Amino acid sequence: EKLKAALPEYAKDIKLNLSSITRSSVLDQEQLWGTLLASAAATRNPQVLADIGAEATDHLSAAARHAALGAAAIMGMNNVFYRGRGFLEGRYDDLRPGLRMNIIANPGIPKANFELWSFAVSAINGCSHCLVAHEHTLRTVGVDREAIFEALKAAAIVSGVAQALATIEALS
């Protein structure tokens, strides 16, 4: 509400879209808020992370909250590494990453949910390798594409929100 209220007039579709995604009935209240929170972190916009984070506490456990934020952090690294490896046409695929990412195997919350949040973040960062790998995993654990698609929509909407908000604050 207060976030929506801070959105400029030249950003009406974003506000509109933020309202519709927040009232989503496709994703769990945990799937939804965990996605919104991981997405918010992935935008790097403090205000957006603060307001989504504040509202998220009344919809997510401390464990869920931490898992959502850690998905953002770990994809921040993976999204750069794998995309780069992919740009090198596989010529370094034999080397050996050597990077820890245990949170992925042991998230502390349902893995279907962690994957959903990781997928959303990979969409924001733009790494096809990770977006595809996570999308495949979601399907393997029973998440339907309607829900996977809703996460893609949410990640995009939240990116718009952060862009819209960043501009108003710097100008006003």
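From 1 onward, residues are counted along the sequence shown.
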item	value
Residue range whose averaged C-alpha B-factor is higher in the record, 24 to 32 or 65 to 73	24 to 32
Segment of higher mean CA temperature factor, 51 to 59 or 135 to 143	51 to 59
Residue selected from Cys130, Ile104, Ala42, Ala112 by maximal Cα B factor	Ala112
Cα B factor band for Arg83 (lowest, middle or highest third within the chain)	lowest
Third of the chain's Cα B-factor distribution that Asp13 belongs to, per the entry	middle
